[PDB]
Amino acid sequence: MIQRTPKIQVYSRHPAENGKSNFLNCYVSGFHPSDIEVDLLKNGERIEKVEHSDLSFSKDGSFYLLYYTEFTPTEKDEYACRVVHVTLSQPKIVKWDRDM
C-alpha cells in the first residue's frame, strides 16, 4: 500500500479569451489514496457551487485534482481551500494569497 498527502495550491486566474472572468482554483496534487474531500471557503463558509472539478491520475497512480469556479473577490474577503484526507489528522486549510 501507499499513502501520500496532497500538495495544495490556491490561486486565481482569468481565462485569456475572457478577462471579464476571474476563477478561484484549488490544485490538490500527488495524493494517495484517491478518497478525498475538498471545499472552497469564503470567510470560513463553504462555497456550495463550484462549477469545475478536473480529475486525473499519473502512471504511479497518484491523483491530481483541479477544483475551480468563477468568483468576484473584494479586498475584504478571505478565501481558502479545506482538504480532508486520510493522511491529515485534521482538515488542512490553505488560504488564498491575494497576490496570486
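Think of each number as a place in line: the chain as shown, counted from 1.
The backbone N, Cα and C atoms fix where each Cβ goes, and this holds for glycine too.
As given in Swiss-Prot:
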type	residues	note
DISULFID	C26-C81	disulfide bond
CARBOHYD	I2	glycation site
CARBOHYD	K20	glycation site
CARBOHYD	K42	glycation site
CARBOHYD	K49	glycation site
CARBOHYD	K59	glycation site
CARBOHYD	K92	glycation site
CARBOHYD	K95	glycation site
MOD_RES	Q3	pyrrolidone carboxylic acid
(message) Tell me the Cα distance separating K49 (glycation site) from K20 (glycation site), rounded to the nearest angstrom.
(response) 19
(request) Do me a favour and check the Cα-Cα span between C26 (disulfide bond) and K49 (glycation site); whole Å is fine. (result) 14
(request) In whole Å, note down how far the CA of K59 (glycation site) lies from the CA of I2 (glycation site). (result) 14
(request) Could you check which of these recorded positions, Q3, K59, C81, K92, sit within 10 Å of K42 (glycation site), going Cα to Cα? (result) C81
(message) Quick check: in three-state DSSP terms, what is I2 (glycation site)?
(response) coil
